[PDB]
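Asker: Below is a structure I'd like to ask you about.
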Amino acid sequence: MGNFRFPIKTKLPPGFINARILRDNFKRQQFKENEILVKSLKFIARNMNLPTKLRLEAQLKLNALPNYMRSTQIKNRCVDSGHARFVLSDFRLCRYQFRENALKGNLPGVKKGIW
Amino acid sequence: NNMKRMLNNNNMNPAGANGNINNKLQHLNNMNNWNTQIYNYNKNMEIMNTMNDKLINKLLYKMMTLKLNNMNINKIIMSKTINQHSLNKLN
Amino acid sequence: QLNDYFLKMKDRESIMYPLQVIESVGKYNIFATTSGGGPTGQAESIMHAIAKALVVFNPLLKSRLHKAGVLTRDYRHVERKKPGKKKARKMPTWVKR
Amino acid sequence: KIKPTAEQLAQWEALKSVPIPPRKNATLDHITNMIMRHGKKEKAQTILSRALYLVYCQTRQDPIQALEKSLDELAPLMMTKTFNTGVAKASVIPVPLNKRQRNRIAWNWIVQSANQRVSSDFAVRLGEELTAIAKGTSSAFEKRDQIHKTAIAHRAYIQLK
Amino acid sequence: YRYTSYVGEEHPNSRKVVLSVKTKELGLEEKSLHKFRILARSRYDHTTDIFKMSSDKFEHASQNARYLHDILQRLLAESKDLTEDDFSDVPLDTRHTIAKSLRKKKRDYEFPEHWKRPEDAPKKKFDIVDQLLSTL
Amino acid sequence: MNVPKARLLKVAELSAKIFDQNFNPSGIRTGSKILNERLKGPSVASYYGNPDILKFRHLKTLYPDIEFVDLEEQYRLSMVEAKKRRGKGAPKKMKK
Amino acid sequence: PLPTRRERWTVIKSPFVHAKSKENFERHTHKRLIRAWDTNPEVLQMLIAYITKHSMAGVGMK
RNA sequence: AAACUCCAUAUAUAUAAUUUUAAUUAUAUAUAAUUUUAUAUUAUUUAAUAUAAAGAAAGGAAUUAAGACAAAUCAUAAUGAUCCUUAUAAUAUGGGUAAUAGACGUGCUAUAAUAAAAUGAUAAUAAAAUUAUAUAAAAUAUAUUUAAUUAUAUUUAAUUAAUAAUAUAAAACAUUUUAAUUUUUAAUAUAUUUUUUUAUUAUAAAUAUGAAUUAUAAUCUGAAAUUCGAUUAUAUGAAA
RNA sequence: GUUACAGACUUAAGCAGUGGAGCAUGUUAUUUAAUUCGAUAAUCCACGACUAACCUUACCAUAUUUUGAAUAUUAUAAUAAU
Ligand SMILES: [Mg+2]
Ligand SMILES: [Mg+2]
Ligand SMILES: [Mg+2]
Ligand SMILES: [Mg+2]
Ligand SMILES: [Mg+2]
Ligand SMILES: [Mg+2]
Ligand SMILES: [Mg+2]
Ligand SMILES: [Mg+2]
Ligand SMILES: [Mg+2]
Ligand SMILES: [Mg+2]
Ligand SMILES: [Mg+2]
Ligand SMILES: [Mg+2]
Ligand SMILES: [Mg+2]
Ligand SMILES: [Mg+2]
Ligand SMILES: [Mg+2]
Ligand SMILES: [Mg+2]
Ligand SMILES: [Mg+2]
Ligand SMILES: [Mg+2]
Ligand SMILES: [Mg+2]
Ligand SMILES: [Mg+2]
Ligand SMILES: [Mg+2]
Ligand SMILES: [Mg+2]
């Protein structure tokens, strides 16, 4: 609607905001909210023992779930910038941005790899 | 010979002669190279802490500039903060 | 057993060499215990150890052992893979065109 | 205070006259290295020693010595090395050869002549070739002779003389 | 029962509790002991006669410890049953232990005892000034 | 495997009963791996940071006495003013 | 001293292309072990509590 | 620039109740060398060669100045000017980034016997690194009459780690086989080459190389595998 | 397109390759509704990109949002903490 981009009013993340970041964050929140439910639906679907009609219904429900319920849709962005390439998980930062931070001394224990 | 051995055993001092060490007044602790002085076993938590610290730095920077009834704007300059994360307390 | 551990005769010959520069192969019982690396390197490390062990039995032969080239610790260390290069020295192909 | 014992001293004295034993026969080692390809020295060694064994079996006399003799015979003492010669006629010069270079030339020829023999296993082929050379028959000899003749032409092309 | 605690942090491994017992130290008869070992399966090591198990299923550490205790008690009850269920003719499965041993390395070998030479060892060298000094 | 199969199966079933773990002799797809998977949602949600963090807005709420200055905001406002002055301001937004 | 870790990470130095030039980074998790051997639990608790009270900057504990 | 630096090395000290053990180790702190000394032989007190005696003493990494190339980046990010503001801003569903005449780099796999394939459980021999957004052991089941191998499924033992797992390293080395090759086979005899020999009979340019291309069946991840993913099986077997 | 030294992976030896084959990947060109954008002599071409199914994506088709992600100004009203 007009007052918000997505259906649910989620907060903005602190520090660097970006449109893509906003999109990702919301998606992550919705996944967190509807994680157990999705799992339960998946279980009901992939069951040889249960009634077939019920499993079909569960599968249909899973199919009909939105873009923001999907775990696979989540992509690890850089947190300092808003890039989504070469994003290292141990400091949620992009390649160049990580290097910049590392050389400054922002990182907790990172330093030049001399051998 | 015994006396010499005893000396050798106890031979320590501040480095910088020509049995010696760099004292805490003679060099920087490598912890004072980094700005978030922390170790946590859960690395997610450590990352979250260092993010927080970075966000607080910005907030501090923002605070540092004052105004006096739109007459004088005294811009207090501040260094980059250094966050000391002991088990008990942050400093 | 020695023939069971080191299959390559070269390694065995190398091991023997400290005892062979002296006339003391047959005189000294040797109980080697290796760890890490591969077979040829292990054999070389054993040889090196044996020379040092022999040096204690008769210090006058130490110079002779050193001359033979057994008392020298062979430093040859595997070079690391550098970033842009494929291996240590092997660079990827250049293209002037 | 060092305190060397009498027996130890006697042993040291006995050692003193004896020279330090060589760790490798150098020419053989060189040959094995040349045979070898992919850091697979052991295989090259097995090939070479098997060939030498075969040679010995065919003609019962020291195989290594026979091989060395063959190398000495075959190795051309000099080579007519080509030069640019200050942008002019490419004036060739006889150049003396290092021992390795001499024996390297010989080995390549030996290998080539072995490769014309029948068997699947190269080691066998090599051994047969070595026996033939010991007995005294190869195109390698002819090639050496030709090289020597070509060196003989260009007598005073040598610079220092 | 070994408990773990991460001091400044809130690790999710703080809930992990690990029970560990030598099976011979448990108050069991020989038949029952064998049955207990069989029931344990991968949890019982045979080289060191040790049975251990850890639980991370529950939220808190104390809960997990209690659960482990309850399991142990159940295992003991099963071992002491013997009514129409002996397990006398199921040999001890030691495959997991041999796999673990293979994964690790071994230094079982030792210096031959008949190779030793006490006669060649360095004898005590006579130090006269030291002897003089020692008047106590 | 000289030891019989049925006995081994019985032993395995007993072990499963003792501990909580299930006993599936047939080897059918039960769906156990779907539920048993630890749910990772909270950690995923906590990626970008703690949304409740202090901002410049609050630095007026907490400390009204101190007349703070947000420099970047002030700069932006000055730029906007300059744009307005030289006829490069934003066009008025359509409503409809 | 338990063995130090080494978390390595390589990165292209430039913000854009020049991928032939790359820089390394490393992080060493230094580990030391203390072991208490004979104590009535209360004393041990007190010790631990005292340790965490006067803890130092860079050091984590388990 | 060199040097201090890091890695690696040698030695010493400290610590580790030698079950978190690998003490043959790990890690803090030192010391050590850009090595030293002497005899000679050439060229002018020194400097290169050789010889000798003393030593563990031999590398790699980081660091790439000033200027220049209006070299690269406004697609890491930020900012100047400028342009868009129901659109050049924002969200969803699908498609595209994977299109194919020729061409150009980088690689991978090949074109077989100084080289390929089977096998090798008192499991020949490593290092470095990862495992709370997990690592998944043993074992059962199916592919598969034994079983092993390989691949899935079943189900999670152990450990969030010098303790458990990823993971019995692989070449090596050893036996066996190998078309092109009537340079072999199998029927007879043969015999002091018997996993073999001899005699006489019959055995008549891409393979028992390579793995592109395609057909069908299964499996994996995921909510979803058509465009457009990854395995396994049974066939297919270009080019070279 | 100069004099003479000195320089090194420059050349010369040497070892293994590329270039022929098929495949992979990047680029070009052309195509396409879109084949997103940049890199394109040495100093581009498994480069930006340490993984393009959806996402990522920026491109295209069809739908639908219009103070929207912020900060401040001015008003009505509702809920919660004290
Ligand atoms: Mg320097
Ligand atoms: Mg030990
Ligand atoms: Mg410069
Ligand atoms: Mg330009
Ligand atoms: Mg450009
Ligand atoms: Mg700009
Ligand atoms: Mg648009
Ligand atoms: Mg879309
Ligand atoms: Mg592409
Ligand atoms: Mg490249
Ligand atoms: Mg082949
Ligand atoms: Mg298994
Ligand atoms: Mg382990
Ligand atoms: Mg093996
Ligand atoms: Mg053909
Ligand atoms: Mg084939
Ligand atoms: Mg060349
Ligand atoms: Mg071509
Ligand atoms: Mg080609
Ligand atoms: Mg652009
Ligand atoms: Mg392009
Ligand atoms: Mg756009």
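For the structure tokens, the naming scheme is as follows: chains receive sequential letters (A, B, ...) according to their order of presentation, residues are indexed from 1 within each chain, and ligands are indexed from 1 in presentation order.
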Using DSSP assignments from the backbone, pull out every residue in stretch 34-67 of chain B that falls under helix (DSSP H, G or I) and give it to me as a ChimeraX atom specification.
Answerer: /B:43-64
Asker: Take the residues that were just selected and, keeping N, CA, C and O atoms, output them as a compact mmCIF listing (two decimals), in the first residue's frame.
Answerer:
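Final output, again_22.txt:
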# COMPACT_ATOMS: atom_id res chain seq x y z
N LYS B 43 30.51 -16.50 17.72
CA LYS B 43 31.02 -15.44 16.83
C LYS B 43 29.93 -14.51 16.29
O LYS B 43 30.20 -13.35 16.02
N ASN B 44 28.71 -15.04 16.15
CA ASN B 44 27.52 -14.23 15.84
C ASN B 44 27.34 -13.09 16.85
O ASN B 44 27.14 -11.94 16.48
N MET B 45 27.41 -13.46 18.13
CA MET B 45 27.30 -12.50 19.24
C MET B 45 28.40 -11.44 19.20
O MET B 45 28.14 -10.26 19.44
N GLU B 46 29.63 -11.89 18.93
CA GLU B 46 30.79 -11.00 18.78
C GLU B 46 30.60 -9.98 17.66
O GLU B 46 30.92 -8.80 17.82
N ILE B 47 30.09 -10.47 16.53
CA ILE B 47 29.76 -9.63 15.37
C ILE B 47 28.70 -8.59 15.73
O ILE B 47 28.81 -7.42 15.36
N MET B 48 27.67 -9.03 16.44
CA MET B 48 26.59 -8.15 16.90
C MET B 48 27.12 -7.06 17.83
O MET B 48 26.71 -5.90 17.73
N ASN B 49 28.01 -7.45 18.74
CA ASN B 49 28.68 -6.52 19.65
C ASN B 49 29.50 -5.45 18.93
O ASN B 49 29.41 -4.27 19.27
N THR B 50 30.29 -5.87 17.94
CA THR B 50 31.13 -4.94 17.18
C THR B 50 30.30 -4.00 16.30
O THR B 50 30.69 -2.85 16.09
N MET B 51 29.17 -4.49 15.79
CA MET B 51 28.19 -3.65 15.09
C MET B 51 27.64 -2.57 16.01
O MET B 51 27.63 -1.39 15.66
N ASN B 52 27.17 -3.00 17.18
CA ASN B 52 26.69 -2.09 18.23
C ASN B 52 27.71 -1.00 18.53
O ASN B 52 27.38 0.19 18.47
N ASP B 53 28.94 -1.41 18.80
CA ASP B 53 30.06 -0.49 19.08
C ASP B 53 30.24 0.55 17.98
O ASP B 53 30.41 1.74 18.27
N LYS B 54 30.23 0.09 16.73
CA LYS B 54 30.32 0.97 15.57
C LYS B 54 29.18 1.98 15.50
O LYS B 54 29.40 3.16 15.21
N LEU B 55 27.96 1.52 15.78
CA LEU B 55 26.78 2.38 15.82
C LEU B 55 26.85 3.43 16.94
O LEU B 55 26.44 4.57 16.75
N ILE B 56 27.37 3.02 18.10
CA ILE B 56 27.56 3.92 19.24
C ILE B 56 28.57 5.02 18.92
O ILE B 56 28.40 6.16 19.34
N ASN B 57 29.62 4.66 18.18
CA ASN B 57 30.65 5.62 17.76
C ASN B 57 30.04 6.78 16.99
O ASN B 57 30.31 7.94 17.28
N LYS B 58 29.18 6.45 16.02
CA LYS B 58 28.45 7.43 15.21
C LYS B 58 27.60 8.35 16.08
O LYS B 58 27.57 9.56 15.88
N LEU B 59 26.89 7.73 17.03
CA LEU B 59 26.04 8.45 17.98
C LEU B 59 26.85 9.45 18.80
O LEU B 59 26.45 10.60 18.97
N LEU B 60 28.00 8.98 19.30
CA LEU B 60 28.93 9.83 20.05
C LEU B 60 29.42 11.02 19.22
O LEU B 60 29.42 12.15 19.70
N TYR B 61 29.83 10.75 17.98
CA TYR B 61 30.24 11.79 17.02
C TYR B 61 29.15 12.86 16.85
O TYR B 61 29.45 14.06 16.86
N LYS B 62 27.92 12.40 16.66
CA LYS B 62 26.74 13.28 16.56
C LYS B 62 26.57 14.18 17.79
O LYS B 62 26.34 15.38 17.66
N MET B 63 26.67 13.56 18.97
CA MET B 63 26.59 14.27 20.25
C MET B 63 27.65 15.35 20.41
O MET B 63 27.37 16.44 20.91
N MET B 64 28.87 15.05 19.97
CA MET B 64 30.04 15.91 20.20
C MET B 64 29.91 17.38 19.78
O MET B 64 30.55 18.24 20.39
Asker: Can you tell me which residues come within 9 Å of ligand 8 when counting only C-alpha atoms (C1' of nucleotides) and all ligand atoms, ideally as a count of residues only?
Answerer: 7
Asker: At a cut-off of 12 Å, which residues of chain G touch chain I? Count only C-alpha atoms (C1' of nucleotides) and give the answer as an mmCIF file with N, CA and C atoms, in the first residue's frame.
Answerer:
data_model
loop_
_atom_site.group_PDB
_atom_site.id
_atom_site.type_symbol
_atom_site.label_atom_id
_atom_site.label_comp_id
_atom_site.auth_asym_id
_atom_site.auth_seq_id
_atom_site.Cartn_x
_atom_site.Cartn_y
_atom_site.Cartn_z
ATOM 1 N N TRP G 9 41.578 -15.110 5.435
ATOM 2 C CA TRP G 9 40.627 -14.563 4.463
ATOM 3 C C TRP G 9 41.406 -13.738 3.447
ATOM 4 N N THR G 10 41.219 -14.029 2.162
ATOM 5 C CA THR G 10 41.864 -13.263 1.095
ATOM 6 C C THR G 10 40.852 -12.378 0.391
ATOM 7 N N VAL G 11 41.350 -11.274 -0.154
ATOM 8 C CA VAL G 11 40.513 -10.226 -0.723
ATOM 9 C C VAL G 11 41.292 -9.494 -1.818
ATOM 10 N N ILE G 12 40.615 -9.219 -2.931
ATOM 11 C CA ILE G 12 41.154 -8.359 -3.986
ATOM 12 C C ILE G 12 41.266 -6.938 -3.421
ATOM 13 N N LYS G 13 42.470 -6.367 -3.495
ATOM 14 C CA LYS G 13 42.768 -5.057 -2.896
ATOM 15 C C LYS G 13 41.902 -3.918 -3.431
ATOM 16 N N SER G 14 41.666 -3.926 -4.740
ATOM 17 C CA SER G 14 40.919 -2.859 -5.404
ATOM 18 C C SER G 14 39.429 -2.926 -5.102
ATOM 19 N N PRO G 15 38.720 -1.797 -5.279
ATOM 20 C CA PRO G 15 37.259 -1.822 -5.253
ATOM 21 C C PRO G 15 36.635 -2.361 -6.545
ATOM 22 N N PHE G 16 37.409 -2.405 -7.633
ATOM 23 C CA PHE G 16 36.892 -2.793 -8.942
ATOM 24 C C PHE G 16 37.990 -3.375 -9.846
ATOM 25 N N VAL G 17 37.828 -4.649 -10.210
ATOM 26 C CA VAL G 17 38.767 -5.395 -11.072
ATOM 27 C C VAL G 17 40.157 -5.476 -10.394
ATOM 28 N N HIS G 18 41.254 -5.260 -11.129
ATOM 29 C CA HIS G 18 42.617 -5.618 -10.696
ATOM 30 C C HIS G 18 42.680 -6.864 -9.796
ATOM 31 N N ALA G 19 42.022 -7.935 -10.240
ATOM 32 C CA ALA G 19 41.905 -9.169 -9.453
ATOM 33 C C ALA G 19 43.207 -9.968 -9.339
ATOM 34 N N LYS G 20 44.206 -9.638 -10.155
ATOM 35 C CA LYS G 20 45.531 -10.262 -10.066
ATOM 36 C C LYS G 20 46.258 -9.885 -8.768
ATOM 37 N N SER G 21 46.026 -8.664 -8.284
ATOM 38 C CA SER G 21 46.510 -8.228 -6.972
ATOM 39 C C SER G 21 45.513 -8.647 -5.891
#
Asker: What are the residues of chain D that have an atom within 9 Å of an atom of chain C, counting only C-alpha atoms, as an MDAnalysis selection string?
Answerer: chainID D and resid 4:5 8:9 11:12 15:16 19:23 42
Asker: Write the residues of the selection above to a file with N, CA and C atoms, as a tab-separated table (two decimals), in the first residue's frame.
Answerer:
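In the end it all went to result-v9.tsv:
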chain	number	residue	atom	x	y	z
D	4	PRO	N	88.63	-37.24	26.29
D	4	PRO	CA	88.41	-38.29	25.30
D	4	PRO	C	89.04	-39.61	25.74
D	5	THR	N	88.29	-40.70	25.66
D	5	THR	CA	88.79	-42.02	26.05
D	5	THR	C	89.75	-42.58	25.00
D	8	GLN	N	88.03	-44.49	21.89
D	8	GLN	CA	87.48	-43.44	21.02
D	8	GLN	C	88.55	-42.76	20.17
D	9	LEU	N	89.68	-42.46	20.80
D	9	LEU	CA	90.83	-41.84	20.13
D	9	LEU	C	91.37	-42.76	19.03
D	11	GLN	N	89.77	-45.17	17.49
D	11	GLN	CA	88.73	-45.22	16.46
D	11	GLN	C	88.81	-44.01	15.53
D	12	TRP	N	88.96	-42.83	16.13
D	12	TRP	CA	89.13	-41.57	15.38
D	12	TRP	C	90.35	-41.61	14.46
D	15	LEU	N	89.66	-43.91	11.51
D	15	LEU	CA	88.81	-43.15	10.58
D	15	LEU	C	89.58	-42.15	9.72
D	16	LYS	N	90.50	-41.43	10.36
D	16	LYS	CA	91.21	-40.29	9.77
D	16	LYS	C	91.79	-40.55	8.37
D	19	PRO	N	88.83	-41.88	3.48
D	19	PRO	CA	88.06	-40.73	2.98
D	19	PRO	C	86.56	-40.92	3.17
D	20	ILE	N	85.82	-39.82	3.22
D	20	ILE	CA	84.36	-39.86	3.38
D	20	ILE	C	83.74	-40.53	2.14
D	21	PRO	N	82.91	-41.57	2.34
D	21	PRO	CA	82.36	-42.31	1.21
D	21	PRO	C	81.32	-41.49	0.43
D	22	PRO	N	81.30	-41.63	-0.91
D	22	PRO	CA	80.33	-40.88	-1.72
D	22	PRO	C	78.93	-41.47	-1.61
D	23	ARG	N	77.94	-40.59	-1.50
D	23	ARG	CA	76.55	-41.00	-1.29
D	23	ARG	C	75.87	-41.51	-2.58
D	42	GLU	N	61.65	-42.93	-8.31
D	42	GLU	CA	61.70	-44.35	-7.96
D	42	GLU	C	61.48	-45.23	-9.19
Asker: Please, which residues have at least one atom within 12 Å of an atom of ligand 12, using only C-alpha atoms (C1' of nucleotides) and all ligand atoms, listed as a PDB file with N, CA and C atoms (P, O5', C5', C4', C3', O3' and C1' of nucleotides), in the first residue's frame?
Answerer:
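What follows is the written file part_30.pdb:
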ATOM      1  N   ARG E  95      32.816 -51.972  16.426  1.00  0.00           N
ATOM      2  CA  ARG E  95      33.140 -51.376  15.120  1.00  0.00           C
ATOM      3  C   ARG E  95      33.396 -49.867  15.198  1.00  0.00           C
ATOM      4  N   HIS E  96      32.529 -49.170  15.925  1.00  0.00           N
ATOM      5  CA  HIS E  96      32.675 -47.726  16.174  1.00  0.00           C
ATOM      6  C   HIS E  96      33.999 -47.360  16.854  1.00  0.00           C
ATOM      7  N   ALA E  99      36.879 -47.840  14.335  1.00  0.00           N
ATOM      8  CA  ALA E  99      36.796 -46.691  13.423  1.00  0.00           C
ATOM      9  C   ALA E  99      37.429 -45.438  14.025  1.00  0.00           C
ATOM     10  N   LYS E 100      37.128 -45.196  15.299  1.00  0.00           N
ATOM     11  CA  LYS E 100      37.704 -44.081  16.060  1.00  0.00           C
ATOM     12  C   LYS E 100      39.222 -44.211  16.177  1.00  0.00           C
TER      13      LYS E 100
ATOM     14  P     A H 136      30.175 -33.136   6.588  1.00  0.00           P
ATOM     15  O5'   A H 136      30.068 -34.435   7.504  1.00  0.00           O
ATOM     16  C5'   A H 136      28.807 -35.075   7.766  1.00  0.00           C
ATOM     17  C4'   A H 136      28.898 -35.911   9.020  1.00  0.00           C
ATOM     18  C3'   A H 136      28.227 -37.279   8.940  1.00  0.00           C
ATOM     19  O3'   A H 136      29.153 -38.221   8.407  1.00  0.00           O
ATOM     20  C1'   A H 136      27.429 -36.117  10.840  1.00  0.00           C
ATOM     21  P     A H 137      28.774 -39.774   8.295  1.00  0.00           P
ATOM     22  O5'   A H 137      29.476 -40.398   9.579  1.00  0.00           O
ATOM     23  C5'   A H 137      30.865 -40.137   9.860  1.00  0.00           C
ATOM     24  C4'   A H 137      31.318 -40.934  11.060  1.00  0.00           C
ATOM     25  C3'   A H 137      31.023 -42.428  11.009  1.00  0.00           C
ATOM     26  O3'   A H 137      32.030 -43.082  10.243  1.00  0.00           O
ATOM     27  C1'   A H 137      30.339 -41.557  13.100  1.00  0.00           C
ATOM     28  P     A H 138      31.811 -44.582   9.736  1.00  0.00           P
ATOM     29  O5'   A H 138      32.031 -45.430  11.065  1.00  0.00           O
ATOM     30  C5'   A H 138      31.628 -46.807  11.144  1.00  0.00           C
ATOM     31  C4'   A H 138      30.875 -47.068  12.428  1.00  0.00           C
ATOM     32  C3'   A H 138      29.873 -48.212  12.361  1.00  0.00           C
ATOM     33  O3'   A H 138      30.547 -49.438  12.595  1.00  0.00           O
ATOM     34  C1'   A H 138      28.898 -46.334  13.453  1.00  0.00           C
ATOM     35  P     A H 139      30.063 -50.563   9.733  1.00  0.00           P
ATOM     36  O5'   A H 139      28.639 -50.533  10.450  1.00  0.00           O
ATOM     37  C5'   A H 139      28.333 -51.443  11.522  1.00  0.00           C
ATOM     38  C4'   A H 139      26.854 -51.457  11.834  1.00  0.00           C
ATOM     39  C3'   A H 139      25.901 -51.618  10.654  1.00  0.00           C
ATOM     40  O3'   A H 139      26.013 -52.886   9.996  1.00  0.00           O
ATOM     41  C1'   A H 139      25.122 -49.868  12.007  1.00  0.00           C
ATOM     42  P     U H 140      25.122 -54.145  10.415  1.00  0.00           P
ATOM     43  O5'   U H 140      23.633 -53.631  10.180  1.00  0.00           O
ATOM     44  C5'   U H 140      22.845 -54.113   9.078  1.00  0.00           C
ATOM     45  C4'   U H 140      21.476 -53.472   9.071  1.00  0.00           C
ATOM     46  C3'   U H 140      20.836 -53.351   7.699  1.00  0.00           C
ATOM     47  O3'   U H 140      20.187 -54.578   7.382  1.00  0.00           O
ATOM     48  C1'   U H 140      20.758 -51.253   8.765  1.00  0.00           C
ATOM     49  P     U H 154      15.865 -40.424   4.751  1.00  0.00           P
ATOM     50  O5'   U H 154      15.905 -41.677   5.732  1.00  0.00           O
ATOM     51  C5'   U H 154      14.822 -42.623   5.753  1.00  0.00           C
ATOM     52  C4'   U H 154      15.164 -43.811   6.620  1.00  0.00           C
ATOM     53  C3'   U H 154      15.573 -43.495   8.048  1.00  0.00           C
ATOM     54  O3'   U H 154      14.402 -43.262   8.822  1.00  0.00           O
ATOM     55  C1'   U H 154      17.040 -45.120   7.130  1.00  0.00           C
ATOM     56  P     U H 155      14.349 -42.032   9.836  1.00  0.00           P
ATOM     57  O5'   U H 155      15.569 -42.339  10.808  1.00  0.00           O
ATOM     58  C5'   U H 155      15.585 -43.533  11.614  1.00  0.00           C
ATOM     59  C4'   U H 155      16.800 -43.532  12.505  1.00  0.00           C
ATOM     60  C3'   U H 155      16.972 -42.258  13.332  1.00  0.00           C
ATOM     61  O3'   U H 155      17.120 -42.378  14.740  1.00  0.00           O
ATOM     62  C1'   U H 155      18.942 -42.701  12.067  1.00  0.00           C
ATOM     63  P     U H 156      16.807 -41.101  15.665  1.00  0.00           P
ATOM     64  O5'   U H 156      18.155 -40.930  16.497  1.00  0.00           O
ATOM     65  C5'   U H 156      18.887 -39.688  16.504  1.00  0.00           C
ATOM     66  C4'   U H 156      20.371 -39.957  16.523  1.00  0.00           C
ATOM     67  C3'   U H 156      21.234 -38.802  17.020  1.00  0.00           C
ATOM     68  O3'   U H 156      22.267 -39.245  17.892  1.00  0.00           O
ATOM     69  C1'   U H 156      21.885 -39.392  14.821  1.00  0.00           C
ATOM     70  P     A H 157      22.122 -39.018  19.467  1.00  0.00           P
ATOM     71  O5'   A H 157      23.199 -40.014  20.086  1.00  0.00           O
ATOM     72  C5'   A H 157      23.360 -41.365  19.606  1.00  0.00           C
ATOM     73  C4'   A H 157      24.783 -41.836  19.814  1.00  0.00           C
ATOM     74  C3'   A H 157      25.793 -40.781  20.259  1.00  0.00           C
ATOM     75  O3'   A H 157      25.780 -40.565  21.670  1.00  0.00           O
ATOM     76  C1'   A H 157      26.666 -41.939  18.409  1.00  0.00           C
ATOM     77  P     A H 165      35.757 -39.773  15.574  1.00  0.00           P
ATOM     78  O5'   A H 165      35.003 -38.855  14.513  1.00  0.00           O
ATOM     79  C5'   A H 165      33.611 -39.069  14.222  1.00  0.00           C
ATOM     80  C4'   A H 165      33.043 -37.921  13.421  1.00  0.00           C
ATOM     81  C3'   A H 165      33.733 -37.599  12.100  1.00  0.00           C
ATOM     82  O3'   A H 165      33.405 -38.511  11.055  1.00  0.00           O
ATOM     83  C1'   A H 165      33.353 -35.599  13.272  1.00  0.00           C
ATOM     84  P     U H 166      34.488 -38.884   9.924  1.00  0.00           P
ATOM     85  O5'   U H 166      34.403 -37.659   8.913  1.00  0.00           O
ATOM     86  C5'   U H 166      33.151 -37.186   8.387  1.00  0.00           C
ATOM     87  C4'   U H 166      33.339 -35.830   7.747  1.00  0.00           C
ATOM     88  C3'   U H 166      34.424 -35.746   6.688  1.00  0.00           C
ATOM     89  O3'   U H 166      33.961 -36.278   5.446  1.00  0.00           O
ATOM     90  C1'   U H 166      34.614 -33.898   8.151  1.00  0.00           C
ATOM     91  P     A H 167      34.879 -37.279   4.577  1.00  0.00           P
ATOM     92  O5'   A H 167      35.666 -38.133   5.670  1.00  0.00           O
ATOM     93  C5'   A H 167      36.139 -39.467   5.380  1.00  0.00           C
ATOM     94  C4'   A H 167      37.506 -39.710   5.985  1.00  0.00           C
ATOM     95  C3'   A H 167      37.543 -39.968   7.493  1.00  0.00           C
ATOM     96  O3'   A H 167      38.594 -40.864   7.842  1.00  0.00           O
ATOM     97  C1'   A H 167      38.864 -38.088   7.000  1.00  0.00           C
TER      98        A H 167
END
Asker: Hey, which residues sit close to ligand 17? Say within 10 Å, counting only C-alpha atoms (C1' of nucleotides) and all ligand atoms, and write them as a ChimeraX atom specification.
Answerer: /I:9-14
Asker: Neighbours of residue H:170 within 12 Å (only C-alpha atoms (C1' of nucleotides); same-chain residues fewer than 4 positions away dropped), as a PyMOL selection string?
Answerer: (chain C and resi 38) or (chain H and resi 124-126)
Asker: Quote the spacing between atom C1' of residue H:122 and atom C1' of residue H:18 in Å to one decimal place.
Answerer: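 Calculated distance between atom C1' of residue H:122 and atom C1' of residue H:18 is 26.2 Å.
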Asker: Using only C-alpha atoms (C1' of nucleotides) and all ligand atoms, what are the residues with an atom within 12 Å of ligand 2, set out as an NGL selection string?
Answerer: (:E and (105-108)) or (:H and (16 or 18-25))
Asker: Return as a ChimeraX atom specification the residues belonging to chain H that are within 7 Å of chain G, counting only C-alpha atoms (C1' of nucleotides).
Answerer: /H:26-27,73,76,162
Asker: Hey, which residues come within 12 Å of ligand 15 if we count only C-alpha atoms (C1' of nucleotides) and all ligand atoms? Could you give them as number ranges by chain?
Answerer: H: 111, 205-207, 209-210, 238-240; I: 21
Asker: Residues near stretch 66-73 of chain F, anyone? I mean within 7 Å using only C-alpha atoms (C1' of nucleotides), not counting same-chain ones fewer than 3 positions away, as JSON, numbers by chain.
Answerer: {"B": [62, 63, 65, 66, 67, 68], "F": [56, 63, 76, 77]}
Asker: Write as an MDAnalysis selection string the residues around ligand 13, taking 8 Å as the cut-off and counting only C-alpha atoms (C1' of nucleotides) and all ligand atoms.
Answerer: (chainID E and resid 103:104) or (chainID H and resid 161 163:165)
Asker: Please identify all polymer residues within 7 Å of residue C:15, counting only C-alpha atoms (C1' of nucleotides), omitting same-chain residues fewer than 4 positions from it, and present them as JSON, numbers by chain.
Answerer: {"C": [11, 43, 44, 46, 47]}
Asker: If you run DSSP over the backbone, which residues in stretch 9-87 of chain B end up strand (DSSP E)? Put them as a list in words.
Answerer: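 Output for stretch 9-87 of chain B, strand (DSSP E) only: residues 36, 37, 66, 67, 83 and 84 of chain B.
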